[PDB]
$ cat query38.cif   # mmCIF, C-alpha atoms
data_coords
#
loop_
_atom_site.label_atom_id
_atom_site.label_comp_id
_atom_site.auth_asym_id
_atom_site.auth_seq_id
_atom_site.Cartn_x
_atom_site.Cartn_y
_atom_site.Cartn_z
CA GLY A 482 94.92 111.59 88.39
CA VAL A 483 94.87 113.29 84.98
CA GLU A 484 95.95 111.87 81.63
CA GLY A 485 98.69 114.09 80.23
CA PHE A 486 102.47 114.41 80.10
CA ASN A 487 104.22 111.09 80.94
CA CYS A 488 100.88 109.75 82.28
CA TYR A 489 98.70 107.82 79.84
CA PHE A 490 95.76 105.48 80.21
CA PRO A 491 96.78 101.94 81.27
CA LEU A 492 94.77 100.63 78.30
CA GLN A 493 95.16 101.85 74.72
CA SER A 494 92.87 101.11 71.79
CA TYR A 495 93.44 98.26 69.34
CA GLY A 496 94.47 99.61 65.98
CA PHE A 497 92.99 96.77 63.93
CA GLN A 498 92.16 97.14 60.24
CA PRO A 499 91.49 94.93 57.22
CA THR A 500 94.53 96.70 55.73
CA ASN A 501 96.53 95.42 58.72
CA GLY A 502 98.46 92.22 58.13
CA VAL A 503 97.59 88.86 59.64
CA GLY A 504 100.25 89.32 62.32
CA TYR A 505 98.66 92.68 63.14
CA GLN A 506 95.15 91.17 63.01
CA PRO A 507 93.05 90.02 65.98
CA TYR A 508 93.11 86.33 66.83
CA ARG A 509 90.46 84.56 68.88
CA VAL A 510 92.31 82.48 71.47
CA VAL A 511 91.35 79.91 74.10
CA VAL A 512 93.55 78.60 76.93
CA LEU A 513 92.16 75.38 78.37
CA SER A 514 93.61 75.11 81.89
CA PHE A 515 93.44 71.97 84.03
CA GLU A 516 94.64 71.31 87.57
CA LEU A 517 95.11 67.86 89.08
CA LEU A 518 93.68 67.93 92.60
CA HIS A 519 91.72 65.15 94.30
CA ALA A 520 88.24 65.54 92.77
CA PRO A 521 86.05 63.71 90.23
CA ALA A 522 87.74 63.79 86.83
CA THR A 523 85.09 65.93 85.26
CA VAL A 524 84.93 65.95 81.45
CA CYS A 525 85.30 62.32 80.41
CA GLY A 526 83.86 60.25 77.54
CA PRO A 527 86.17 59.81 74.48
CA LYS A 528 87.81 56.46 75.49
CA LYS A 529 85.26 53.71 74.60
CA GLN B 1 79.98 86.76 102.98
CA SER B 2 81.81 84.80 100.27
CA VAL B 3 83.03 81.20 99.93
CA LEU B 4 86.34 81.59 101.80
CA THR B 5 86.55 79.00 104.56
CA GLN B 6 88.47 80.27 107.59
CA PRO B 7 88.76 79.01 111.20
CA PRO B 8 86.75 81.49 113.30
CA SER B 9 88.42 80.73 116.65
CA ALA B 11 92.13 80.33 117.37
CA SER B 12 94.07 80.27 120.64
CA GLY B 13 97.48 79.44 122.09
CA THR B 14 100.11 80.44 124.62
CA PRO B 15 102.21 83.58 123.98
CA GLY B 16 105.03 82.51 121.68
CA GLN B 17 103.11 79.93 119.61
CA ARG B 18 102.74 79.79 115.79
CA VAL B 19 99.17 79.63 114.45
CA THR B 20 98.42 78.46 110.91
CA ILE B 21 95.24 79.96 109.43
CA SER B 22 94.12 77.81 106.49
CA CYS B 23 91.89 79.18 103.73
CA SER B 24 90.25 77.44 100.78
CA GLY B 25 87.27 77.69 98.45
CA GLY B 26 86.66 77.79 94.74
CA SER B 27 89.62 77.95 92.38
CA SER B 28 88.30 81.20 90.90
CA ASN B 29 88.87 82.81 94.31
CA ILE B 30 92.28 81.64 95.55
CA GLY B 35 93.66 79.66 92.61
CA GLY B 36 93.11 82.56 90.24
CA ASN B 37 93.81 85.68 92.21
CA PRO B 38 96.62 85.76 94.81
CA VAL B 39 95.43 85.36 98.38
CA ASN B 40 95.61 88.40 100.64
CA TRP B 41 95.37 88.48 104.43
CA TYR B 42 93.84 91.10 106.70
CA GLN B 43 93.37 91.90 110.39
CA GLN B 44 90.77 94.06 112.17
CA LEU B 45 91.01 94.96 115.83
CA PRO B 46 87.58 95.05 117.56
CA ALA B 47 85.60 98.30 117.13
CA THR B 48 88.39 99.55 114.82
CA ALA B 49 89.27 99.61 111.09
CA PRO B 50 90.73 96.62 109.21
CA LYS B 51 94.25 96.64 107.83
CA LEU B 52 96.01 94.59 105.17
CA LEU B 53 98.77 92.18 106.21
CA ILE B 54 99.81 90.17 103.13
CA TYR B 55 99.47 90.83 99.40
CA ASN B 56 100.91 88.86 96.45
CA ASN B 57 100.77 85.70 98.68
CA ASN B 58 103.79 86.93 100.69
CA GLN B 59 104.35 90.71 100.53
CA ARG B 60 103.32 93.11 103.29
CA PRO B 61 102.34 96.80 103.19
CA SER B 62 103.62 99.50 105.55
CA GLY B 63 102.98 98.85 109.23
CA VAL B 64 102.95 95.02 109.17
CA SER B 65 105.21 92.94 111.40
CA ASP B 67 107.46 90.10 110.25
CA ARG B 68 105.49 87.53 112.29
CA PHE B 69 102.75 87.42 109.64
CA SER B 70 103.81 85.35 106.63
CA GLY B 71 101.69 83.85 103.88
CA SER B 72 101.74 80.99 101.39
CA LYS B 73 99.45 80.00 98.51
CA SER B 76 99.18 76.41 97.26
CA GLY B 77 96.72 76.94 94.42
CA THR B 78 93.23 77.10 95.90
CA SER B 79 94.62 76.50 99.41
CA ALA B 80 96.44 79.08 101.51
CA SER B 81 98.14 79.49 104.87
CA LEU B 82 98.92 82.41 107.19
CA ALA B 83 101.74 81.67 109.63
CA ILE B 84 101.96 84.01 112.65
CA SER B 85 104.97 83.13 114.81
CA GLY B 86 105.53 84.34 118.37
CA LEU B 87 102.07 85.32 119.60
CA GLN B 88 101.29 88.07 122.10
CA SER B 89 98.05 89.86 123.08
CA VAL B 90 98.13 91.87 119.82
CA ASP B 91 96.31 88.99 118.05
CA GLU B 92 93.01 89.78 119.85
CA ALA B 93 91.55 90.57 116.42
CA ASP B 94 89.76 88.66 113.67
CA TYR B 95 92.05 87.77 110.75
CA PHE B 96 90.56 87.61 107.25
CA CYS B 97 91.62 85.65 104.20
CA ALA B 98 90.44 87.94 101.43
CA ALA B 99 91.24 89.11 97.91
CA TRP B 100 89.86 91.23 95.14
CA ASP B 101 88.43 88.45 92.99
CA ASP B 102 86.47 88.14 89.77
CA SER B 103 84.38 85.22 91.00
CA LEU B 104 81.37 87.49 91.59
CA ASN B 105 83.36 90.72 90.94
CA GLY B 106 84.18 91.65 94.50
CA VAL B 107 86.81 92.04 97.16
CA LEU B 108 85.62 88.80 98.72
CA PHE B 109 86.23 88.40 102.45
CA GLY B 110 86.66 85.43 104.76
CA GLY B 111 85.09 84.13 107.95
CA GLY B 112 87.44 85.84 110.40
CA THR B 113 90.03 84.41 112.80
CA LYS B 114 89.58 85.88 116.28
CA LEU B 115 92.09 84.79 118.92
CA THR B 116 92.20 85.03 122.71
CA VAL B 117 94.85 84.15 125.29
CA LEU B 118 94.19 81.71 128.13
CA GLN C 1 99.40 110.53 105.94
CA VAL C 2 97.33 108.46 103.49
CA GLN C 3 93.82 108.24 104.94
CA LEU C 4 90.21 107.90 103.80
CA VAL C 5 88.30 109.96 106.36
CA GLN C 6 84.64 109.23 107.07
CA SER C 7 82.58 111.57 109.23
CA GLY C 8 81.21 111.13 112.75
CA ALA C 9 78.38 108.90 113.94
CA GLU C 11 75.42 109.45 111.63
CA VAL C 12 71.72 109.37 112.59
CA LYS C 13 68.90 109.63 110.04
CA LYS C 14 65.43 108.24 109.30
CA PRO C 15 64.69 105.29 106.97
CA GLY C 16 63.41 105.75 103.44
CA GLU C 17 65.10 109.13 102.98
CA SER C 18 68.29 110.10 101.15
CA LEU C 19 71.74 110.20 102.76
CA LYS C 20 75.14 110.72 101.11
CA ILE C 21 78.00 109.54 103.33
CA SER C 22 81.27 111.36 102.60
CA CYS C 23 84.82 109.97 102.51
CA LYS C 24 87.68 112.43 102.04
CA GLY C 25 90.83 111.19 100.33
CA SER C 26 93.96 112.94 101.59
CA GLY C 27 97.67 112.34 102.01
CA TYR C 28 98.04 110.64 98.61
CA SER C 29 97.49 111.09 94.89
CA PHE C 30 93.74 110.62 95.08
CA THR C 31 92.82 109.23 91.65
CA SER C 32 95.58 106.64 91.54
CA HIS C 33 93.90 103.83 93.52
CA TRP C 34 90.53 102.12 93.58
CA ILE C 35 88.35 103.21 96.51
CA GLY C 36 86.36 100.40 98.12
CA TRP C 37 83.14 100.94 100.06
CA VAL C 38 82.59 98.07 102.49
CA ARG C 39 79.85 97.33 105.02
CA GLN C 40 80.03 95.96 108.57
CA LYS C 41 76.73 95.14 110.17
CA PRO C 42 77.79 94.43 113.78
CA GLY C 43 78.19 90.76 114.65
CA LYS C 44 78.89 89.48 111.13
CA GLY C 45 81.74 88.47 108.89
CA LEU C 46 83.14 91.23 106.71
CA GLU C 47 80.73 92.51 104.06
CA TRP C 48 81.28 94.10 100.65
CA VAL C 49 79.35 96.86 98.89
CA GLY C 50 81.52 97.98 95.99
CA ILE C 51 84.68 99.62 94.71
CA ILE C 52 84.87 102.73 92.53
CA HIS C 53 87.47 104.56 90.39
CA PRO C 54 86.95 108.33 90.88
CA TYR C 55 88.02 109.48 87.39
CA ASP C 58 84.81 108.39 85.64
CA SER C 59 82.76 106.86 88.51
CA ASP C 60 83.64 103.41 87.14
CA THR C 61 82.35 101.06 89.84
CA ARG C 62 82.99 97.35 89.92
CA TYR C 63 79.64 96.54 91.53
CA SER C 64 78.20 93.96 93.91
CA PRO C 65 75.96 92.19 91.28
CA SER C 66 73.31 91.62 93.98
CA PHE C 67 72.97 95.32 94.93
CA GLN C 68 73.05 96.94 91.48
CA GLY C 70 70.97 100.12 91.49
CA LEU C 71 70.13 99.95 95.20
CA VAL C 72 73.36 101.56 96.40
CA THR C 73 74.39 104.74 94.56
CA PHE C 74 78.11 105.29 94.00
CA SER C 75 79.98 108.51 93.26
CA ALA C 76 83.53 109.77 93.72
CA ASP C 77 84.59 113.30 92.76
CA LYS C 78 88.20 113.85 91.74
CA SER C 79 88.68 117.57 92.46
CA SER C 80 86.89 117.35 95.81
CA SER C 81 89.03 114.23 96.56
CA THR C 82 85.96 112.53 98.01
CA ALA C 83 84.13 109.24 97.54
CA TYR C 84 80.39 109.64 98.16
CA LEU C 85 78.18 106.67 99.03
CA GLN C 86 74.48 107.51 98.72
CA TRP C 87 71.23 105.62 99.24
CA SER C 88 68.05 107.24 97.97
CA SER C 89 66.17 105.00 100.43
CA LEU C 90 67.37 104.01 103.90
CA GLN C 91 66.23 100.89 105.75
CA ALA C 92 67.00 98.85 108.86
CA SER C 93 69.65 96.79 107.03
CA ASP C 94 71.64 99.96 106.36
CA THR C 95 72.37 100.35 110.10
CA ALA C 96 76.03 99.32 110.09
CA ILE C 97 79.59 100.59 110.40
CA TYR C 98 80.79 101.43 106.90
CA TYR C 99 84.45 101.70 105.92
CA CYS C 100 86.39 103.05 102.97
CA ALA C 101 89.47 101.32 101.60
CA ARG C 102 92.52 102.36 99.57
CA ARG C 103 94.14 99.77 97.30
CA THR C 104 97.96 99.47 97.30
CA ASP C 105 98.45 99.76 93.55
CA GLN C 106 101.94 101.30 94.09
CA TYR C 107 103.79 98.57 92.15
CA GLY C 108 102.06 95.80 94.07
CA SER C 109 98.83 93.82 94.22
CA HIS C 110 95.07 94.25 94.65
CA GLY C 111 95.05 94.33 98.46
CA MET C 112 93.49 97.15 100.50
CA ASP C 113 96.32 98.56 102.60
CA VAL C 114 94.68 101.81 103.83
CA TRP C 115 91.12 101.76 105.16
CA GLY C 116 88.44 104.10 106.36
CA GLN C 117 88.26 104.42 110.13
CA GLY C 118 84.59 103.43 110.33
CA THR C 119 81.32 105.32 110.70
CA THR C 120 78.03 103.93 112.02
CA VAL C 121 74.78 105.09 110.44
CA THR C 122 71.83 104.49 112.78
CA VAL C 123 68.15 105.10 113.34
CA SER C 124 67.13 105.54 116.98
CA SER C 125 63.78 104.19 118.17
#
$ encode --input "query38.cif" --output "structure tokens"
Amino acid sequence: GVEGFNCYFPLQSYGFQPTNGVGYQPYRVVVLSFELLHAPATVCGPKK
Amino acid sequence: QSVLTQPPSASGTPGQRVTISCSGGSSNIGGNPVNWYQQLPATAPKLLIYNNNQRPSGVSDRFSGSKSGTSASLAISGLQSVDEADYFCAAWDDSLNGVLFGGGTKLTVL
Amino acid sequence: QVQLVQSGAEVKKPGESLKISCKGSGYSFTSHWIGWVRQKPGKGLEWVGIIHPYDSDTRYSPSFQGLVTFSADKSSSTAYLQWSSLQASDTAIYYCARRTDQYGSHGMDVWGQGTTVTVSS
């Protein structure tokens, strides 16, 4: 149960700085995910 | 009780193959992998299927699972009187941050 | 043998405090989430919460926040479920649950054997 030798936390802290480069900088990301099942096609307008 | 639709009553002759279907919102079954459970009456529950197909220690090869997105199926081939127990389609989900359980599947022999 | 052991059949009075115990033995205790679940008799399977014992980090039931009190001590290897007030809806068989995090998924492979808390009238 303890954090110690060969046993670390499953999450580590972001080392993010303004001195860090753009590749080592945080990005805000969005993943729009759609699935085609039989349902009303929900978000619909840009076509007419 | 969560939104996990499950047939509450199953039956069949010894040697049959039941198919327990489970569905709901896509945040429940489409997101997290469907697990399957079984509780004998006046006893403790026990897990049967995790990761849509994989079983923990003490689970027979009759119980097999499948996940088709938001839909799911538990196939139990070759029944005996051991299935006098309610079977649960469940998972730890982040729909309402819970290990959300199903409606049970209790079977009897006739 | 990996087992979450709850005590015998419990009888108390409503409104008072009661801390149900759940010993964790036969396994590395703070390596899996410990899930407290309810079973009022005659109902589909109910959920109360799940708690990591290292810092009492509980992924709650958002509709029972603050009502049920969670704790889990590492060195005593015990999850403790407490209510400062007991009622008639508490009368139920509670179970513990051990998650199979051993290179697997989020299922609950080991469970508590079940303990009914009652009030007799």
$ interface_residues --input "query38.cif" --of "chain A" --to "chain C" --cutoff "12 Å" --atoms "only C-alpha atoms" --output "VMD selection string"
chain A and resid 482 to 484 488 490 to 491
$ write_last_selection --input "query38.cif" --atoms "C-alpha atoms" --output "JSON list (two decimals), keeping the file's coordinate frame"
[["chain", "number", "residue", "atom", "x", "y", "z"],
["A", 482, "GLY", "CA", 94.92, 111.59, 88.39],
["A", 483, "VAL", "CA", 94.87, 113.29, 84.98],
["A", 484, "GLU", "CA", 95.95, 111.87, 81.63],
["A", 488, "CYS", "CA", 100.88, 109.75, 82.28],
["A", 490, "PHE", "CA", 95.76, 105.48, 80.21],
["A", 491, "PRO", "CA", 96.78, 101.94, 81.27]]
$ resolve_selection --input "query38.cif" --expression "the PyMOL selection byres ((chain B and resi 82-99) around 7)" --output "VMD selection string"
(chain B and resid 15 to 23 39 to 46 68 to 72 81 100 to 101 107 to 117) or (chain C and resid 111)
$ resolve_selection --input "query38.cif" --expression "the PyMOL selection byres ((chain B) within 6 of (chain C))" --output "ChimeraX atom specification"
/B:1,49,51-52,55-56,109,111
$ resolve_selection --input "query38.cif" --expression "the PyMOL selection byres ((chain A) within 12 of (chain B))" --output "number ranges by chain"
A: 514-518
$ closest_residue --input "query38.cif" --among "B:62, B:14, B:5, B:37" --to "residue 106 of chain B" --atoms "all atoms listed in the file"
B:37
$ atom_distance --input "query38.cif" --atom1 "atom CA of residue 96 of chain C" --atom2 "atom CA of residue 120 of chain C"
5.4 Å
$ atom_distance --input "query38.cif" --atom1 "atom CA of residue 85 of chain C" --atom2 "atom CA of residue 124 of chain C"
21.1 Å
$ residues_around --input "query38.cif" --residues "segment 493-495 of chain A" --least-positions-apart "6" --cutoff "12 Å" --atoms "all atoms listed in the file" --output "compact mmCIF listing (two decimals) with C-alpha atoms, keeping the file's coordinate frame"
# COMPACT_ATOMS: atom_id res chain seq x y z
CA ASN A 501 96.53 95.42 58.72
CA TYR A 505 98.66 92.68 63.14
CA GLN A 506 95.15 91.17 63.01
CA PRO A 507 93.05 90.02 65.98
$ atom_distance --input "query38.cif" --atom1 "atom CA of residue 4 of chain C" --atom2 "atom CA of residue 54 of chain B"
20.2 Å
$ closest_residue --input "query38.cif" --among "C:75, C:82, C:68, C:61" --to "residue 24 of chain C" --atoms "all atoms listed in the file"
C:82
$ axis_aligned_box --input "query38.cif" --around "segment 511-514 of chain A" --padding-each-side "4 Å" --output "lines of an AutoDock Vina configuration file"
center_x = 92.5
center_y = 77.5
center_z = 78.0
size_x = 10.3
size_y = 12.8
size_z = 15.8
$ residues_around --input "query38.cif" --residues "residue 27 of chain C" --least-positions-apart "5" --cutoff "7 Å" --atoms "all atoms listed in the file" --output "PDB file with C-alpha atoms, keeping the file's coordinate frame"
ATOM      1  CA  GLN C   1      99.400 110.530 105.940  1.00  0.00           C
ATOM      2  CA  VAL C   2      97.330 108.460 103.490  1.00  0.00           C
ATOM      3  CA  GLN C   3      93.820 108.240 104.940  1.00  0.00           C
TER       4      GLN C   3
END
$ decode --input "query38.cif" --residues "segment 5-106 of chain C" --atoms "C-alpha atoms" --output "short mmCIF file (atom, residue, chain, number, x, y, z; two decimals), in the first residue's frame"
data_model
loop_
_atom_site.label_atom_id
_atom_site.label_comp_id
_atom_site.auth_asym_id
_atom_site.auth_seq_id
_atom_site.Cartn_x
_atom_site.Cartn_y
_atom_site.Cartn_z
CA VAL C 5 -15.10 -9.97 6.49
CA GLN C 6 -18.14 -8.23 7.96
CA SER C 7 -19.33 -9.03 11.47
CA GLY C 8 -22.40 -10.91 12.68
CA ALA C 9 -26.03 -9.85 12.60
CA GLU C 11 -26.24 -6.33 14.02
CA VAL C 12 -29.09 -4.86 16.09
CA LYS C 13 -29.23 -1.20 17.13
CA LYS C 14 -31.71 1.66 17.59
CA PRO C 15 -32.49 4.35 14.98
CA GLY C 16 -31.03 7.84 15.15
CA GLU C 17 -27.86 6.71 16.94
CA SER C 18 -24.34 6.11 15.64
CA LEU C 19 -23.07 2.76 14.35
CA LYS C 20 -19.77 1.95 12.61
CA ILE C 21 -19.93 -1.34 10.71
CA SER C 22 -16.51 -2.99 10.34
CA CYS C 23 -15.05 -4.84 7.35
CA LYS C 24 -11.67 -6.53 7.78
CA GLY C 25 -9.47 -6.90 4.72
CA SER C 26 -7.28 -10.01 4.85
CA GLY C 27 -5.58 -12.48 2.54
CA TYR C 28 -4.38 -9.79 0.13
CA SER C 29 -2.37 -6.59 -0.13
CA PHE C 30 -5.03 -4.42 1.46
CA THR C 31 -4.43 -0.97 -0.05
CA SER C 32 -4.11 -2.18 -3.63
CA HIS C 33 -7.81 -2.34 -4.58
CA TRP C 34 -10.87 -0.13 -4.23
CA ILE C 35 -13.25 -1.29 -1.49
CA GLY C 36 -16.93 -0.97 -2.37
CA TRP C 37 -19.69 -0.64 0.20
CA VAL C 38 -23.00 -1.82 -1.28
CA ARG C 39 -26.51 -2.08 0.15
CA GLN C 40 -29.16 -4.79 -0.19
CA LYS C 41 -32.54 -3.96 1.23
CA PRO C 42 -34.32 -7.34 0.98
CA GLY C 43 -36.59 -7.76 -2.01
CA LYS C 44 -34.89 -5.22 -4.29
CA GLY C 45 -32.44 -5.02 -7.14
CA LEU C 46 -28.82 -4.53 -6.14
CA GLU C 47 -28.09 -1.17 -4.49
CA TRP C 48 -24.95 0.96 -4.31
CA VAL C 49 -23.61 3.12 -1.48
CA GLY C 50 -20.03 3.95 -2.40
CA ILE C 51 -16.47 2.84 -2.99
CA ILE C 52 -13.40 4.00 -1.07
CA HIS C 53 -9.59 3.88 -1.44
CA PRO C 54 -8.10 3.27 2.04
CA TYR C 55 -4.83 5.22 1.58
CA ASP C 58 -6.41 8.68 1.91
CA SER C 59 -10.14 7.86 2.41
CA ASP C 60 -10.74 8.90 -1.21
CA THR C 61 -14.35 7.87 -1.81
CA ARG C 62 -16.06 7.95 -5.17
CA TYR C 63 -19.46 8.79 -3.71
CA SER C 64 -23.12 8.14 -4.49
CA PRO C 65 -23.99 11.80 -5.44
CA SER C 66 -27.45 11.34 -3.87
CA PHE C 67 -26.15 10.29 -0.44
CA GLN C 68 -23.25 12.73 0.01
CA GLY C 70 -22.77 13.52 3.69
CA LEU C 71 -25.48 11.12 4.90
CA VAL C 72 -23.28 8.01 4.85
CA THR C 73 -19.85 8.40 6.48
CA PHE C 74 -16.95 6.53 4.87
CA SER C 75 -13.61 5.55 6.38
CA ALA C 76 -10.99 2.89 5.69
CA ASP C 77 -7.85 2.52 7.80
CA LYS C 78 -4.75 1.07 6.15
CA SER C 79 -2.81 -0.30 9.13
CA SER C 80 -5.92 -1.84 10.69
CA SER C 81 -6.76 -3.27 7.21
CA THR C 82 -10.40 -2.33 7.76
CA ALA C 83 -13.07 -0.42 5.88
CA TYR C 84 -15.49 1.29 8.29
CA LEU C 85 -18.98 2.34 7.20
CA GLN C 86 -20.61 4.68 9.72
CA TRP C 87 -23.94 6.48 9.98
CA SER C 88 -24.27 9.17 12.64
CA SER C 89 -28.06 8.66 12.37
CA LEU C 90 -29.83 5.35 11.80
CA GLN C 91 -33.29 5.01 10.28
CA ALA C 92 -35.70 2.38 8.96
CA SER C 93 -34.20 2.53 5.46
CA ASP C 94 -30.83 1.41 6.88
CA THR C 95 -32.29 -2.03 7.73
CA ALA C 96 -30.61 -4.06 5.00
CA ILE C 97 -27.90 -6.62 4.28
CA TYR C 98 -24.72 -4.70 3.50
CA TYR C 99 -21.78 -6.15 1.59
CA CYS C 100 -18.18 -5.18 0.97
CA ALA C 101 -16.47 -5.71 -2.37
CA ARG C 102 -12.89 -6.08 -3.59
CA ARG C 103 -12.04 -4.89 -7.11
CA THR C 104 -9.88 -7.14 -9.32
CA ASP C 105 -7.30 -4.52 -10.26
CA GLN C 106 -4.62 -7.25 -10.66
#
